[PDB]
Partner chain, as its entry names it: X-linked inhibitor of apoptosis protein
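Let's start with one chain on its own, the form solved without its partner chain, as structure tokens.
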């Protein structure tokens, strides 16, 4: 049919009618131990700060945790799952650190995303069932030492035997991964990552009128446009990156209910 706008709409959206939108954990890891070999994540602060203001505006009970250790990160995530979200619309976790294969970097070493998400896997955490659990991740690979002076180094193979490369496809889970780096500066003043900046800019302008997928998509195109334009300075170009969205959502996500938000004096 043509031009059809007259119907109840709808039972196709996640229910937001709750005392609170939900909690938003923001793990902002900028400094990693030497035993790690990872460099300082500049701008991660700008990011985190931007994410804080942004998600807070959406109505998230956000808390920022910095330089968390694998044990710490795992700890708080498990604690959050431990809580009662009966009067919450959803949950959101944001990770800002170095990224490898299926794992995020902690203050000390590396911890698999699988674990962080485990705490909510199906059965666990019944108070969040039927509700979205959002994971926004920004974990690019390390900048390394870039060759330079030849030093003494050697990889060691000895762990507590606990491989976790699965990140199970559970319902009502959404992931917005980003491997797009950002540190092409001399003094490294930190101007924030493209992804974060996009995710924030767009979110704090359509986070109340657009559905999650719409936003995330615009963020994608936004970040995309960066690899379609110049990067200044000759022979200084980078390989194209693009955020990734994995959605196991079963409804439309809207950080609103009805009407608009009051901003008038």
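Numbering follows the first chain given and starts at 1. Here the rigid core means the biggest group of C-alpha atoms that line up within 1.5 Å when the two forms are laid on top of each other.
- In this entry, 37 to 45 shows the higher mean Cα temperature factor of the pair 37 to 45 and 210 to 218.
- The stretch 183 to 191 shows the higher mean C-alpha B-factor when 129 to 137 is compared against 183 to 191 in the entry.
- The residue among 74, 97, 143, 81 whose C-alpha atom has the highest B-factor in the PDB entry is 143.
- Of the residues listed, 239, 225, 30, 56, the entry assigns the biggest Cα temperature factor to 239.
- Residue 11 sits in the highest third of its chain by CA B factor, as recorded in the PDB entry.
- Remark: residue 161 belongs to the highest third of its chain, ranked by C-alpha B-factor as recorded.
- Sorting the modelled residues of the chain by their CA temperature factor places residue 92 in the lowest third.
- Per the PDB record, residue ranking by Cα B-factor puts residue 69 in the middle third of the chain.
- Annotation for residue 117: C-alpha temperature factor in the lowest third relative to the rest of the modelled chain, per the entry.
Below, we turn to the form solved in complex with its partner chain, even though it does not appear here.
- Looking at residue 78, you'd find every heavy atom of it more than 4.5 angstroms from its partner chain in the deposited complex.
- Within this chain, residue 194 lines the site of its partner chain in the deposited complex, having a heavy atom no more than 4.5 Å away.
- Within this chain, residue 59 is remote from the site of its partner chain in the deposited complex, having no heavy atom within 4.5 Å.
- Its partner chain in the deposited complex comes within 4.5 Å of no heavy atom belonging to residue 74.
- Within 4.5 angstroms of its partner chain in the deposited complex, the stretch 177 to 195 places a non-hydrogen atom from each of 184, 186, 187, 188, 189, 191, 194, taken in sequence order.
- The only C-alpha among 102, 74, 188, 127 that moves by 2 Å or more between the shown form and the other one, given a superposition on the rigid core, is that of 188.
- When two forms of a protein are overlaid on their rigid core, residues whose CA moves 2 Å or more are considered shifted, and residue 209 is not one of them between the shown form and the other one.
- Residue 227 shows a C-alpha shift of 2 Å or greater between the shown form and the other one [criterion: core-superposed Cα displacement of 2 Å].
- In the core-superposed comparison between the shown form and the other one, the C-alpha atom of residue 169 has shifted by at least 2 angstroms.
- Whereas the shown form places them at one spacing, the Cα atoms of residue 182 and residue 100 lie at least 3 Å closer in the deposited complex.
- Relative to the displayed conformation, the Cα-Cα distance from residue 38 to residue 231 shrinks by 3 Å or more in the deposited complex.
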